[PDB]
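Undergrad: Just passing along the structure, written as structure tokens.
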Ligand SMILES: [Cl-]
């Protein structure tokens, strides 16, 4: 079920970058740079992501077409208004 696996990875990570979650997720926001980017390694270590894959290359594949998040090099951010969310590390 690799297509379903990719969809579950996408939905879980798009949840972390939803406004509903970001409002309260200080740990995640303290890991952003000033552009909102944080390492995909951090996301890949979260328990719900580990429950789907331990292979970070499948995460990149699952997110390739996301309209919520944007991947640059090995980091990911929320696309919309990215500077609203970072917090002092
Ligand atoms: Cl885990």
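Residue numbers (the numbering used here): 33 to 121. Beta carbons are placed, not taken as given, at the ideal position from N, Cα and C, and that holds for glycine.
Which one of 78, 56 and 93 has the shortest CA to CA distance from residue 37?
TA: In the chain shown, the residue the question calls residue 37 occupies position 5. With distances taken between Cα atoms, residue 37 lies closest to 93.
Undergrad: With DSSP as the reference, please indicate the residues paired to residue 102 in a beta bridge.
TA: Start at 1 with the first residue of the chain shown, and residue 102 comes out as number 70. Looking at the DSSP assignment, residue 102 forms a beta bridge with 109.
Undergrad: By the three-class DSSP mapping on this structure, what secondary structure does residue 114 have?
TA: On the chain shown, residue 114 is found 82 positions in, with the first residue counted as 1. Correct three-state label for residue 114: helix.
Undergrad: So for residue 95, helix, strand or coil by DSSP?
TA: Counted from its first residue, the chain shown places residue 95 at position 63. In this structure, residue 95 counts as helix in the three-state DSSP scheme.
Undergrad: Report yes if the CB atom of residue 114 is closer than 8 Å to the CB atom of residue 67, and no otherwise.
TA: Walking along the chain shown from the start, residue 114 turns up at place 82. Walking along the chain shown from the start, residue 67 turns up at place 35. Going by C-beta atoms, residue 114 is nearer than 8 Å to residue 67.
Undergrad: Ligand 2 heavy atoms versus the CB of residue 34: any closer than 7 Å?
TA: Only ligand 1 can be found as ligands here, which leaves ligand 2 out of the picture.
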